Each structure stands twice: as C-alpha cells, then as structure tokens.
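Chains as they are written, first to last, in my numbering: chain A, -11 to 208; chain B, 7 to 1187; chain C, 5 to 229.
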Amino acid sequence: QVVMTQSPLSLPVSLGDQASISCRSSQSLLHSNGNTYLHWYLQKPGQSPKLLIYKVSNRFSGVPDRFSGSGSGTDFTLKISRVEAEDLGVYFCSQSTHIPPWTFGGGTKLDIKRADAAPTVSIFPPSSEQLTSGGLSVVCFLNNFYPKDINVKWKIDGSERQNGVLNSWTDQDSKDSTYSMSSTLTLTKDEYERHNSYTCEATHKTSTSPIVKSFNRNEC
Amino acid sequence: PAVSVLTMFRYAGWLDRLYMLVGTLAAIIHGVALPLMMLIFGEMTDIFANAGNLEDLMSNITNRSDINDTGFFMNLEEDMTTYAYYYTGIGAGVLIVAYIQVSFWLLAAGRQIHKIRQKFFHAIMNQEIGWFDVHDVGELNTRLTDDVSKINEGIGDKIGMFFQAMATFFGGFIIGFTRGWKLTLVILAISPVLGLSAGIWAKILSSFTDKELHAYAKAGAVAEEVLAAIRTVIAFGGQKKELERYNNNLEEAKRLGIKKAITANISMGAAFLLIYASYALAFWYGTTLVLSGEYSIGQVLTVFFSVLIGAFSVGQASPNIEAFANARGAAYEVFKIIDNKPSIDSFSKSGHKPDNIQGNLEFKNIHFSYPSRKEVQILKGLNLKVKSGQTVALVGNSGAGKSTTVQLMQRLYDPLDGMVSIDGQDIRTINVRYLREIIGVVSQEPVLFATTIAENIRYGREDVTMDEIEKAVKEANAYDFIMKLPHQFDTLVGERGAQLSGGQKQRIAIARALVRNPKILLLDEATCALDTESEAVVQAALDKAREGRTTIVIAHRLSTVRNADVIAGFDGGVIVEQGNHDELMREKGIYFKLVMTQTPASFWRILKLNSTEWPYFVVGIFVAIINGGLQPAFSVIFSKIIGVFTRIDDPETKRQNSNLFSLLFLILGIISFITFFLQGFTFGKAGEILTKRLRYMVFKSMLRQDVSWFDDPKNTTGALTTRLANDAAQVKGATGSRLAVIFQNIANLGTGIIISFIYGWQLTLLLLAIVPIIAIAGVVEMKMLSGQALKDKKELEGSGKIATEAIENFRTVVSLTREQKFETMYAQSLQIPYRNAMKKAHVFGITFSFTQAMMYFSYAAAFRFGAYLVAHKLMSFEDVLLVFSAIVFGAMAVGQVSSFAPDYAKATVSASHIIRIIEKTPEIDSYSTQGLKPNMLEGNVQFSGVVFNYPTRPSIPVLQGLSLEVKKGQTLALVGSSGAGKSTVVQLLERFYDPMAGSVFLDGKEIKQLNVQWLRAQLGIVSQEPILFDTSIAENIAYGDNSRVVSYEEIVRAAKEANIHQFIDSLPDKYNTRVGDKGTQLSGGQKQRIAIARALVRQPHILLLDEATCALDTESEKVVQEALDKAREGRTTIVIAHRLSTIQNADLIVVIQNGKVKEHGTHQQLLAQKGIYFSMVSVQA
Amino acid sequence: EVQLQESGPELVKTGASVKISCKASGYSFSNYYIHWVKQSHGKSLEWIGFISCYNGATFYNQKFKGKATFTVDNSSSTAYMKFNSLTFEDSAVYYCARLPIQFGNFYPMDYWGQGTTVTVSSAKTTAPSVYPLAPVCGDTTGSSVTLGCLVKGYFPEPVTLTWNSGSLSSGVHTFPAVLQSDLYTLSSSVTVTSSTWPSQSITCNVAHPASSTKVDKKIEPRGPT
Ligand SMILES: CCCCCCCCCCCCCCCCCC(=O)OC[C@H](COP(=O)(O)OCCN)OC(=O)CCCCCCCCCCCCCCCCC
C-alpha cells in the first residue's frame, strides 16, 4: 500500500500566470530501469477526466503548449504557465506500482484570486407553522466572503453544542467570485423555550474578533 | 500452334469427365484448407499472448499466491485443449480430400493416355506409303514415345496442382481481407515483386534436365558425324584436327555456360534479398501499427502469413501452365497425324474381293511422278500386258521407271493418268487389303523382324500351322541350314539375335511370301546385293516360286533372266522394245547393249578427378558452412520478436527493440545475398571446368581406342554420344553440388538441435520423434511437385522394341499385310503398365495424403504438449516457439534442399563408366609416338599366313592361313564368296585389328613395329559408301592429309584427277559450296570421287579400293572408274573386287574361300584355269 | 475519435441488486483492459478492479472481495458490473477506464467515462414541507435585507425552486441538498433593498415531480409573538 500526499489542496491563481502543484510519495517511485511514472490528470465538473501529462516530462498528443512537469526521486511538481479561462477544475496525481492497490491522489481546485471581504450575517428563528408541526430549526446565513475557509460556532446560553448540525457551502460564483454558507440546527419544541441566548459565531481570517450574532425569544 | 484447349480432351468419353469434375472440386476444397489453419494459429497465439501477459503483470500475490495463477493457467490449459480438435479435424479432412484429388486426376490421365496411344499407333500403321520416305523414319520413331510421354506429364497431374494453387491464392486473399484490411494493401503493393521472385525462382528450381543440351548442339553434331565416320577418320589419321575443332566448339559452349550460370545465380540471390526485405519492412509496419493499439498480434500474424502463402502459391504455378502449353503443341503434332485421311487404304472395306484370280495384268497409258518432285516425270504413257501365269522381265535404264512398276502394282502410289488393271478390273476398285494379300513381294534388301523364325513366317499369315511353315520353308530352299541353327525354328533373329547371311534372309522373305499363296509375284531387284554363289540357290527357289503364278521382275543383271517368257526395255518411262531373249538380242537395242557389256562407386577417385582446382572448393565449402548455420538465425530472431510482443515493459524500449530487430532482418538479407551469390558462383565454375576437361579427355580416349570396340551393339553412335553427353552431365553433379547441400543441412539442423537443447529441455525430446516423418514429407512433396518419381519407364522400354522394330521396317510389313498382328501384339505389353499405373496411382495418392495428415497432426500434438510445459511455470512461450520453429523449419529446409541437387545412383555409376573408359588402355595405341617410321618410299606389301577372328564374334573364323604379296605399283585383286574375308585385308593393313597368328609386312618390316599413324598415313583408303562431313569441299578433301598448310593451288589438282573439277566449276560458288544436309546434295558417284580426291592429296604409295555392288548412276559410274584407273597408274594397289570388268585388267588376282587362297594368277591364266574364277565370269553371260 | 459512455443516474433501495454499464465507441474493443474505479463524495479514489475485456479474466481488490461481479458482451462492445449485497455505504460516482493490454503497468489510463451516480436509500416516497423564513422582529437596520425559505423532509431528488415564479434572479443562492435521517433538507435565500419589502410580493415557489406538488408559499412579516 503506497499512500500519497498532495499539496496545496486548494490554491488561488490570477489570469495568465504561473501556478505549481506538488505530489509526494512515501515509497520510492523510481523503478529498477531508469523511469519514474506519474500521470497528471485534469477533471472538469460533469465531463470526463482527461489525460494531461504522463511520465513526468513528456506530453500527450493534443494538449496545448502551456503545461510542464518536472521532479525526481520521491517529489514531483507540475507547472502551469499562462493560465487561461479554460483550465479551471480538479487536477489529480497517480502512482507506479500495481497490486496492491494502484492508488491515486486527492485533487486540487482552482481559485480566481479575489480581494478579501468580510461576510454578511443573518439570523432566522423558526416560524409559527414550524413550531405548530412540532420540530423547529434555527438558521444562520453568511454571504459574500473570501476565501473559502471559515469557522462557524454555535452556542446556546453561552455553551457549546455539537449535534444536529447542518452546514452547506455554495460553489464559486461566476460574476464576482464570492462565497456563501448556511447552517441550521433542529430541535424539538420543549427544549427550545427553555433557553434564550442563541448565538452564531463567524471566525474568519480578515479580522481577530469573531462575528458574534445572537438573539433571545421575547424582545422586538 | 494450338489445338485448341477444347479439342485437347477430345478422347474423353463416358465417365472420366466425372473424375475431372470431382477432382477439381477436391482440389478447390483442398487448397482452401491451408489459410484457415493460419487463422487458427493466429487465434491460439493470441490466447498464449493474453494469458502470459496477464500473469506477467501481477506477481506480488503474497500471501496465498499459488492458486489463482494456477487457475489462470488452467483457463490456459482448457482454452488451448479446445483447438487441438480443430487441428485434427482439418487433418482428417485434408487426408481424404488430398487422396481423392490425386487419385482421380492421375487415374483419368491413365485412362486417356491408353486410348490415345493405341489410336496413335493405329494411325501410323495405317498410312499412305508416299507419306513415308518424306518425313524421315528416325524422327517418327522417337516422336511417339517422347511426345506421348510429354503429353502424359502435361495433361494429368499438373493442372490439379494449378487449380489447388489458384484456390490457395483466393482463399488466402479472402482470409486476408476478412481478418485484416490495411495491411493486405501494403503487402499487395509489395506482392508482384516477390511473386516474380518465387515464380521465376521456381521456374529455375524445376530443371535443369536438358536446358544445357540446347546450347550444346554444335559440338554434339561434330561428335556424331565423326563417330559415324570413324572408319574414314582413323584410316586418314586426323585425330588432331577433329579433336581441335571439337575443342573450339566445346570452348565456346563452356564460356556461354559460365555466363548463364552466373546470371541464374544472380537471379536467385536477388530473390532472397527481396523476400527478406519484404519480411523486414512488413514487420516494421506491423509493429508500428500494433504499438498504437490498433490490431492485436494474432491479426498481424494471420493476415501476413496468409497473403505471403498466397503469393508463394501463385509463384508455384508457372511451370504447370508452361508444361501444359508445351503439351498443347505436342497435341497439335499428334492430333494432326491422327486426324489425317489416308486416301488409299489399304484398311477400308469398300472395294471388291474377287475370287479365283487368273492374273491378267495390264498397264494402260500410265503417267506417274513421285510426290517428292511433281515436275519431273518418271513414267509417261506406259502400256504393258502380262498374261496369266507368264513371266515378264523389265530392264533398261536405271532410275528410269522400273521399280515404279512394283510400287504401282501394290497400289503403293496412285498413277496420275492411266489405268492399272487386274483381270480387266481397275486396281482402284478392289479392296486393297485383299489386293496386297493376293500379291507377294520380294524386295531388293531382305528384312527380318527381330523375333523368332516362326513369328517371321506367320507374319506372312497369322493363322499358319507349323506344318505349313515347314512346307513353305522347304519350297524356299531354306530348311537344311535352319536345321543347322542352334534353336531350329525358335532361333531368335533380327537386330537382337544371331546375324544371318544375305541369302538366308532373302530365302526367309521368300517363305513369308509363299504361305500367303499369292496369284501374282513381284521381285524388286531380288538379288543385286547378293554375290554369285548366294544368287544361284535363291534363283532356284524363285523359279520354284514362279511356277503357276504371274510374275513381274524388276532387276539388274540380265543373266538368268534369259529363261523368262518376255522382256521389256524401258527408256524414259516408255517401253521401246518387247519380245524374247533371242529377239531383243537380234533387235540390237537397249537390251542387247546391257547383255553384251556383261557377256562400384570409388568415391575417393570421384573426388580425386578434381585435384586441379581445390581452392575453389575450399572457399566454396567455407561459404557453404556459413550459409548453413544462417537459417536458424532467422528462426531465433523471429522467436525473439514474437516473444517481445508477449511480455510487459516500457513502450519506448519495446519500440526501439523491435526497430533493431527489423533492421537486423535486412542485414541478414544482405549477407545471405552476397554469400549465396559467390557460393553458387564458385561451385558452378568448378562444375563447368570439371565437365569441360572430363568431356575433352573422354573424347580423346574414345578417339584413341581401336576399331574392335565399335562393333559391340551396346557401343553405337547414338549410344556413345548419349554416353558422353549424359554421363558428363551426370558426373558433374556427384562432385559439384553435393558437398554444399550436405554441409548446409548438417550445419542447419545441428545449429537447431544445439540452440534447442540450450533453452528448452523437455519438448525437444518429443520433437526428435517428429522430425523423420516431416523430413519424408519434404522429399515426397518435392517428388510430387517435380514429377521425377513418375519417370521410371522400364516395361514401356521393354514394349517399345516392337514399335521401333515395326516402324523402321515398314515397306515389307505393309507389303505383307500385317497390321492386326502388330496392334494385337502392341496391346499386351502396353496393358501390363496399365494395371501397374493403376496400382502406382493409388499408392502414391495414399502416401502423399498420409504425410500431409501426419504433418497437420503433429502440429497440434506439439502445441498441446507445449501448452502443458508453459502451464507449470517452467518454460516461457519464447522457448516453445523457438524450438518448434528450429526443428520444424529445419525439417522443411532439409526437404527443400535435399532434393534440389541430383541423385546418387546414376551419378556414381556414370562415374564408374567414365573412369572405366578413361582408364581403358588401347591395345594398339595410335596416340603413341614410337615406331620405326623409315625413309623408305617403296611399297612392298606381304601378308604371310594371317590368322584372325573378329573379337566381337570369336567363335566364327574369317581368315586362316591367308598369304599374298603385292609388288610396287601393280594391282592385287581379292575375290571370293560370302564370308571369305576379302574386306578384312583392308582393315588389317590399316591395322584396325591385329591378327592372332601370322604377320603383315610393309617393305619387309612388320607393321607392329611401325608407327601406326605413319602406316595409316601412307595408305589411301577408298571406302564403299564414302562419308562426307558437313562442311565445304576444300575442307572435306583436305581432311585426307592432316597437319599441312594446304593452299589454293593444292586443292584444284586433286579435284582434277578425281574428275570432279569440271562438275564443280559449274556448281553454285565453285569450291566453296557447303556440303551437308543444308547445302547441295551430290550423287553417290560424285561422293565417291570426292573420297578419291581426298585420298589423292595425301600422295600415298599404297591405295586400297574397297568398292563393290551395286551401280545405278549409269553416268557417274564410268567417271568414277576413270578416276579410279587414274589413281592406280603409279601406286601399289589392293582392290576388293566385285565388278567383273575392273578385275580383268589387274596384274594379279586372288580367289579366297574360308580364309584360304584357292587359286591366283592373271585374268587370262585363271580363265584358262577353268576353276572358281572362271565360274564367276561365266555368270554374267 | 474515441468515446466511452455510461448509463443514467441511479436511485436504488437498500438490499437489492443493481447493474451498471460502460459502452465503448470508436476503437478496437478486443485489446484494452477495463478498470472499474469508485469515488465517494469528498474522499480519494478507490479501486473496484479490472477485467480483460477479451475473455472475462477478472481481478479484484481485498476491500471489495464478493460485493461485485464483472461481465462483458463482445457482440455489442459493452462492459457490465453487477452489484449485489448493496448497503448504504456505496452511494458514490463510479468511473470506467481503458488501458492498453499490450504494455500495461507502465502506461497511463487513456480515457474515462462521464461517470454514473448511484444513490442508496431505505425510505419511501415522501412529500416535502415548505417553510418560510422571515427576519427577527426589529428595526430595518441597513438597506440590504435578506429573506429565506426552507424545504424540509422530502425524498427523492430533485426539487425545483423559484422566486415569484422566476420573476427575478438577483442575489439568488441555492445551496445543494443536505442529508439527515435518510431524508433531505434544502434552503435558499435572497437579498434586496429596503424599499422592496413589504412593499412588493415575494413568494417562494416549489415544484416536486415525484409528489407532483407545485406549491406556492408567500412570506409574511414576523409577528411580535
Ligand atoms: C548433442 C547432439 C548434437 C547433434 C549434432 C549432429 C547433428 C546430426 C544431424 C545432421 C543432419 C543429418 C544429415 C543427413 C544427411 C542427408 C543427406 C541427404 O541426401 O538426404 C536426402 C534424403 C532424401 O532426399 P533425396 O531426394 O531422396 O536424395 C536423393 C536420393 N536419390 O533426405 C533424408 O531422408 C534424410 C533424413 C534423415 C533425417 C532422419 C534423422 C534425423 C536426425 C535426428 C536423429 C534422431 C531421429 C531418429 C530417431 C530414431 C533413432 C533411433
């Protein structure tokens, strides 16, 4: 079993520049005869994955001129020169020795390098129809942030709670290239009315103070 | 010419067409059976490829590793053992199909040749006699056997191979398209070139049976004429001149043979270069196609070998079609002779058959001309009557129109104008068989048929009893001597049996005529060739045969013709005078003039013959060893490429590796080319030098050997030209091409064995029990492809004796009406080879089919055992394919090579012949140079009691106590009866023979002490029939005196004294006129005068004249006598006298009987002696 | 010209058996190995196994020994994976890939199918429950205001959501499905200016085909209690 490690997992890039990715083994990929086998693959969403670079430095019949690949021993690197508006997807690595198990690598998406931005927050308590049904759910929205990493944290009466969590992140927007997430927790009708202080925290890299947003049950 | 192809099978019949149809169907469903097994081979090697590749992929199966790999190879085991059933199925199929094709084709061939041969002989024996004496019986003798064998090998077997070849081609081509698409087009683009390679290459692989006889023809003609004229050669010396002319022709033939051999070798080398270039770039394109993932390996093997075998199968078809068309020309000749309509049969059943024939004969206004020259008339307005039982004698001018009488009464020719009638009925209105049955002939020269005396008699009539034979022999005065013969009536006579005298033969012919009981008797110069003693008893027998029969006699010498009833003298085809003897003598016309003018192998010696040029053998044998161990090299690199397509690795190393192997293909092609060229070159030139020197030396030693060797009937002209030509052509091979092929095959198969025993261990022990039967397959397949095993021809040659013996003695058998006897006897000795050919057909078919089936069986057996070997992980597929290729292609190579060079038996016995006669030392060495050779130009001749027997028949004596002297300048005459020994004197003074006892002296010196060439130099022979060589007048005359400048001045004087100067000066291109078969034809007397001039140039002091009966020139004869008398004026002369006019003027006469001199003296003395010589002169009265 | 194809998406209940197909087009089908590979959502890429695609010789991995079976059909140039003993932990996207048999192990995989999604379930068809999402009672702080709509429960995918029957699409965010207790949950929201609500009409519009419910839900301002 030849495990592998790839970095970086999610990297940004501008338009028409250079972008490099690195793949590292744990064994030695150098075969007895003088060869080292890698097979860099491109994958767009929905369509089928293509072949891009095989045997480290060579190319494949029908690829553009912008792709290079170099490395040695147990460390390899692919280089993109002049990134167009078409090479946006998931790149993934390959390996040499057959069974077992002839395994692959993780994958790396591509980001368009936007200027940083702090998210916008919103809170939504359940509705009287939802309370009438019996089960009710608290909702927190966050919008228009960058980059993709974010830390949501739920507290009830200033106390942690790690169950019934629902999280969802959108994909990359086409126009302005921002992000958005939404979280929701589900409770029964009795334990809801017990407590008032309900808060969502949004910890992000653009500031030191987490965005704390709370509410109680009664005030308007 | 054509026939054409529709009329070739004109004598088919009821059911042989069924054999044709079923046979061609069998050929079609036989030829298609070879490409499909190549398809199966592609599939099975694809199976091995996939299994080996998958198991070679995964190998780190730890732990619990054994069971799934063994399951993979279990799939291999079963998926391989399914195909052996396919292989053995097509094995059984090809077995029975091949059997039926070969058997049926050859059977139809036999059943057609039988009919066509009997009808051909029936056609020849039923012919107008005028169609003979025009087409040369010698050619027509060989035409039947040679040409019908030529059509036999052309209509029967070869076209079956042609059909199955075309079927193989279309099968391979369609199986190429249905499995591959692109690669068939590139192999087809290359296809015509290697098709030409294999085609013309097989054209030259064939024969090499008598192509070297074509460019040899000139020296063969010189040899046959000099060996047909040895009697006039050895008497004039001339060994050096004829030897040098033969040397010139032989040298030119040698040079052209060298050139043709070099060109053929170039052709074959280019064939190899092209075929290996084809393999090279074909596998190049195949590899660069498969590495892109288009085809597989099974497809490229299948389609490539399929189209390759298609091209080969096209290349092996041209000899069949050329032999077919050659048989078409042969069929034009034969069917022309068959389809003729002879107008004067002589076999038909149309005319009358009148009984009680009285014999009134009549010629009425007869105008005739022989069909050779219609312009000259022989008979013009001939009118003659012959009353019943009467005897008429026709005499006059020779050649005028006498023998035409006999040849018209038999209705051998029709007369143009006029009418020949018997008893008032036209001869053209009666049945010709019954005509010739009521007539008996007695030809000039008596013939006998090479059978018993009995069969010679009841050739007179088949249904004759033995008592009738005795009575008929008693009437012909032939009984008493036949009872003296060893085997009485069963004594074998003819060309084969004991020789009889002329009179005995003529009396047997009389007996043949007598039992026929004819009403009319014809005698065509019944006794010109017989002497004076043999003629008396024959005349008694003839007078007994004339009693009660109507008789017409055409004969010279008007002696006993005196007792005839009526005479007729011819002059220009017209009877000028007619009456009784006393009446024409009183007429003083033509008759009176004639009457008054009268009155072990030893192989070391076989190789030691070629001790002169051993370096050619050294370099050739080295490059033959190199060309032997370079057949398995192809096998091993083939195994390496097919194997490197059955493993797992980096693609780039695979591509580069295969590229290297392909260029190695091409390199091996180059090396094969150059070594093949110079190998064939040096062996060919060694063979040519060997045959030139050997043929030269054998011709020399034949010229050295004496005359007694030329009477053994196994030593004849054709026998000896056949011996030197054929035996040199065979001995060239037993040292020429055997070493190359034996070293090539041992190097090939030994390299295969060793390169097997290195890699594979098990399978070779199995295949060593497989190599013998496929080794047999090679040589038997080459027997059936070359057709050499078909030509045995033993009982055929035991039967053709009666064919030759009936065709060259034609006039007598057609004048005795024997055609049913000879066809009936020609049925049996022909029907035995009929059944023999049947048995041979069946056994040959079953043998060929069996060996094909065993091939296709052991194929499957070997691959299944090889599948078990690769099953337990102890042998790679490369190795099984390598050892299979090595052993199998080695056996195919030894089959293809082991029967391209000639055989062994006839070669080594031909060497036995050649060394036996080149070691044969002559008793009387002419080529010797010792001897007295004095300066004495006298010419005193003296025989002293010579005792001699011809060593061919040492039982009969010829000379015993013969003594006689000849003084200088005078003339000695030798006369006597038959078997007296007069002609032996000329042959003993020439020293053609030595006497057992006694001595022969020249100028008081024994000739055994003299140089033989000198002795023969001062002798001028003048043979009976003068032989003339195919060249100009000047050269034939100069051939008399040899080793001399001989200028223009010296020729004309000799031509003058021979009395041919005046006749030559009017000939086209006077003395430069070429004489022979091409140039002008001179009369017999003129030939004799040329011989006289040839004797005159030598200027000898002794002159030997060996002349005799008869004489028809009536104009050239007297001029010959003028030249003869001119030559004898101042020279010692010995004359073999048969004409009574020349002997009366000789200075001394010797009468010989039983080798003893009975009496001697001048003409006047021996005339007054009233003894033997007086009896000879009284006959011409 | 070379192309692989696979079937359509799959919704399969628990414990049954299913069959998936990979069809080849445009090359020599008798050479190449076929490799079956797996991909869960948010993990690496596993390895189902491979077959020879010429005679049916198979090979598996240890993790999947007995949960699959491979077959081929040469008359129509097609490969099949039969998949039995199906459980929940196999809802994923499966890929089929090509490999040259003549020099494998040292050469990459050439081409890939578009991939099939197989979802494993255990519940039955269920109608949704559509809930509105209005803000907390208070003052309009900023000009930008956001309104939301939940869709809770339903099965199976998909559901089509619009705003005012697709009147506007400015600031629309549609999160993908979230799974819990073999049931689904989806949310959406939108943001406009303060001079829009409640001065205009905003209505979430849900369409579910399998239940054939085309339900309108209009939001309302939140009451005090
Ligand atoms: C460690 C071991 C190393 C061994 C190294 C030494 C290798 C020895 C083998 C060298 C090759 C053998 C050379 C044979 C020479 C044959 C020459 C020849 O002329 O063959 C011709 C013959 C038929 O051709 P044909 O046209 O008819 O000839 C004209 C006849 N008028 O064609 C034939 O019929 C020839 C058939 C002979 C082949 C049969 C024997 C094969 C040799 C293997 C022996 C084992 C097989 C026998 C097994 C039983 C033995 C008990």
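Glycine included, each C-beta is placed from N, C-alpha and C at the ideal position.
Residue pairing for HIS177(C): DSSP places it in a beta bridge opposite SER193(C). DSSP links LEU103(C) through a beta bridge to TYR37(C). Residues of the stretch 655 to 671 of chain B that bring their beta carbon within less than 8 Å of a beta carbon in chain C comprise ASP655, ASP656, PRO657, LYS660, in sequence order.
For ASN21(A), the residues of chain B that pass the 9 Å Cβ criterion are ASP655, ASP656, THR659, in the order they occur in the chain. Under the three-state reduction of DSSP output, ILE526(B) falls in the strand class. In the DSSP assignment, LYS221(C) is bridged to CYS208(C). Interface with chain A (9 Å Cβ-Cβ cutoff): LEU307(B) is excluded. Your pair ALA138(C) and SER115(A) checks out as a contact, with CB atoms roughly 7 Å apart and the cut at 8 Å. Neighbourhood of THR62(A) in chain C, by CB distance below 9 Å: empty, with the nearest CB roughly 19 Å away. Under DSSP, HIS1166(B) shares a beta bridge with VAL1156(B). Counting of Cβ neighbours within 10 angstroms places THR830(B) among the exposed residues, the total staying below 16. Contiguous beta strand (DSSP E) elements confined to the stretch 988 to 1061 of chain B occur at 1003 to 1008, 1026 to 1028, taking only those with 3 or more residues. By the beta-carbon neighbour count (other beta carbons within 10 angstroms, threshold 16), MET881(B) is buried. The three-state reading of DSSP puts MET881(B) in coil, since its state is none of H, G, I, E or B. Counting along the chain, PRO113(A) sits inside no beta strand (DSSP E), nor does DSSP assign it H or E at all. Within chain C, not a single residue places a beta-carbon under 7 Å from that of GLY48(B); the smallest gap is close to 13 Å. For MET274(B), the Cβ stays outside the 8 Å cut-off from all heavy atoms of ligand 1. Listed in chain order, the alpha helix (DSSP H) elements of length 4 or more contained wholly in the stretch 1122 to 1156 of chain B are 1122 to 1133, 1146 to 1149.
Short of 7 Å from the beta carbon of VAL470(B), and not among the five residues preceding or following it, lie these beta carbons of its own chain, in chain order: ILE463, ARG464, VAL521.
Along the stretch 743 to 768 of chain B, none of the residues has a CB nearer than 8 Å to a CB of chain C. For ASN131(A), the closest Cβ of chain C is nearer than 9 Å. Per the coordinates, the alpha-carbon of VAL580(B) lies some 41 Å from the alpha-carbon of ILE1155(B). Residue pairing from DSSP places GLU10(C) in a beta bridge opposite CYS26(C).
For the stretch 117 to 144 of chain C, the set of residues with a beta-carbon nearer than 8 Å to any beta-carbon of chain A comprises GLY117, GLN118, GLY119, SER133, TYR135, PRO136, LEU137, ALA138, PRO139, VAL140, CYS141, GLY142, in chain order. Residues of chain C with a Cβ closer than 7 Å to the Cβ of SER792(B) do not exist, since the nearest Cβ in that chain sits about 44 Å away. Assigned with DSSP and collapsed to three states, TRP187(B) falls in coil, not helix or strand. Cβ neighbours of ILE68(A) within its own chain (closer than 6 Å, five residues either side excluded): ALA7. By the beta-carbon neighbour count (other beta carbons within 10 angstroms, threshold 16), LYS359(B) is exposed.
With a threshold of 8 Å, the Cβ atom of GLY756(B) counts as near ligand 1, since some heavy atom of the ligand is closer than that. When C-beta atoms of the stretch 307 to 326 of chain B are compared with those of the stretch 695 to 714 of chain B, fewer than three pairs fall below 8 Å, so the two segments do not count as touching.
Legend: CB atoms of the stretch 169 to 202 of chain B lying less than 8 Å from CB atoms of chain C are not found in any residue. Nearest to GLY335(B) by alpha-carbon distance, out of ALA98(B), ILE445(B), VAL9(B), is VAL9(B). With its beta carbon at least 9 Å from every one in chain C, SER58(A) lies outside the interface. Contact annotation, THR1037(B) with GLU230(B): C-beta distance approximately 14 Å; criterion of less than 8 Å not satisfied. Residues of the stretch 64 to 90 of chain C whose Cβ lies closer than 9 Å to any Cβ of chain A, in chain order: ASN65, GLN66, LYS67. Excluding its 5 nearest sequence neighbours in each direction, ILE100(A) has C-beta neighbours in its own chain below 6 Å: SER165, listed in chain order.
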